[PDB]
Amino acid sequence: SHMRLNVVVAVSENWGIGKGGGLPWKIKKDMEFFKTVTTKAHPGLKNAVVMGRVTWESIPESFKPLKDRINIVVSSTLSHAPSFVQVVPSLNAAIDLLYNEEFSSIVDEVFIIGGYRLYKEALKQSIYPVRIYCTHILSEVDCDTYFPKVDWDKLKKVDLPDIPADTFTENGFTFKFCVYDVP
């Protein structure tokens, strides 16, 4: 109906972005969360996951393209992609593509899975409501690229049944899952 932009991101204590090394793909529990959040769609339909090239490139080969989702990379560089992965120059273009004849009968929800630049564009626009699926992490090492400014004090915490509210510890990482509607 009216598109919500869903942002999926892992953040440290100061909303540093959870990327670099194996992050966030290497935390198994976070991948379950990621897989569930991004794959679950009304029957017949598929969610879209939209991401920058460096996000696309950071994904381990065993994982790529993300099955059962429309994969869209926003890049001007990426010359080629695996069959059925879409490459477009802009977020504008990813959304137009999802509303064009090729995808509009297929798409359910849209997730932006990273790129600082994509997160930033997604948060800064004043047209569509935004929901953030957030993995909070206590970083044993520093995350030094930052998530775009949000007023977290005003974020509306969402309760979803399939989402466990416990804190988890895997490897050196302690984390918890939270879902927010930006008012």
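The numbering used is simple: start at 1 and walk along the sequence shown.
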### Query
On average, are the C-alpha B-factors higher in 107-115 or in 78-86?
78-86
### Query
Which has the higher mean CA temperature factor in the PDB entry, 5-13 or 157-165?
157-165
#### Entry: Which of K64, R131, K46, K35 ranks first by CA B-factor in the deposited coordinates
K64
#### Entry: Top Cα B factor in the deposited entry, candidates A41, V141, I70, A122
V141
### Query
According to the PDB entry, is the CA B factor of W152 in the bottom, middle or top third of its chain, that is, lowest, middle or highest?
highest
### Task
For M31, return the chain-relative third of its C-alpha B-factor as stated in the PDB record: lowest, middle or highest.
middle
## Note on the structure
Binned into thirds over the chain's modelled residues, the C-alpha B-factor of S126 lands in the middle
### Task
Within this chain's modelled residues, let me know which third the CA B factor of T55 belongs to: lowest, middle or highest.
lowest
